[PDB]
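So the structure is just underneath, and the comments pick up after that.
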Amino acid sequence: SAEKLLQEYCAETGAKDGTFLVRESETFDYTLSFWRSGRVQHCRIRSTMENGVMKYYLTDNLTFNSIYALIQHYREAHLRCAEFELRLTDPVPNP
Amino acid sequence: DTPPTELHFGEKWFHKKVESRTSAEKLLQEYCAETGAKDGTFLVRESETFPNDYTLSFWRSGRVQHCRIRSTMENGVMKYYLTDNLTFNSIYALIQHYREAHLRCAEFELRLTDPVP
C-alpha cells in the first residue's frame, strides 16, 4: 500500500519529515500521507461547494480551488488536520 | 509505576500495561468498534519510541491516532505537552484541557516537504 511505499522510500533514503504523496480515496476525496518521525501519518482531504464552486480543505476555515493549491500552501505553512483536531472524551477502561 | 505527578489523580485512561502501539490500537478497536464508543475515546501509555515520554492514543471512527506527550523539566518542574505552546504540570491537566479544547498534536506541527517520486 501507499503507506508502505512511503515507509520504504523514507527509511531507505533518510527522507526528512514532510515527505508525502496524495492518493485518491476508495469510495468517497483524497488522502494525504506524510513521513513524520519514523511513522507515516495521514489526513483526509475533504471537498465541498462554496457558493457554487468546488473547494478542497484539510481544515474547514481554509479552502482551496485544487489539490495543487492545497499542497503548496501546506508546503509554506504547517499542516492542519480537522479529521484529528477533536476533543478527547471517554477513557478506555482496562489494558 | 505511574509518574509521581499523577499520585493524587483518578486516571481511568492511564495504562502503563499497554506497552505497544499495536497493542493500543487493538484495545481501542475491541472497546470502540462495535460498542458505540464516542470519537475521542482514548488512553495514555508510555512511549514505545521515546524514553521518559508518553503517548496519547485515541479513537476516531475506525481510526486510531497516536500523539507523543513530551515531558521535560523546566526550572525544576516537570512539564508535559503535545506542543510546546502550552505545558501542564500533570498528564491529568493535559487530558482535562484536551477534553475542552481540540487536540493539536506535534506530529502535525510541520510543513509538507517533498512528494515521493
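Here are a few things to note about the model shown:
- Filter on B:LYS17/B:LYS38; A:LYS4/B:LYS38; A:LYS55/B:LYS26; B:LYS16/B:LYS38; A:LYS16/B:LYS38 - keep pairs with C-alpha separation over 26 Å: A:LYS4/B:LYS38; A:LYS55/B:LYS26; A:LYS16/B:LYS38
- For the protein assembly as shown, taking the reciprocal of the average inverse distance between every pair of different Cα atoms yields a Kirkwood hydrodynamic radius of 18.4 Å.
- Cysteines, chain B, no other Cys beta-carbon under 4.7 Å: B:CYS32
- Local charge for A:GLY18 was computed over the other residues whose Cβ lies under 9 Å away, with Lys and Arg +1 and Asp and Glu -1, and equals +2.
- Shielding by partners for peptide A:76-85, expressed as the average number of C-beta atoms from other protein chains within 10 Å of each residue's C-beta, is 5.
- Fraction of beta bridges assigned by DSSP in the protein assembly as shown that are antiparallel (%, nearest 5): 95
- Debye, to nearest 20: dipole size of chain B, +1 on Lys, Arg Cβ, -1 on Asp, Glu Cβ: 180
- Region B:34-79, Rg to Rh (Cα coordinates; Rh as Kirkwood inverse mean 1/r): 1.14
- A convex hull fitted to the Cα coordinates of chain A yields 155 cubic angstrom per residue.
Computed from the coordinates by the stated procedures, all read-outs in this text should not be read as laboratory data. Cβ: placed from backbone, ideal geometry, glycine included. Neighbour counts: every protein chain shown.
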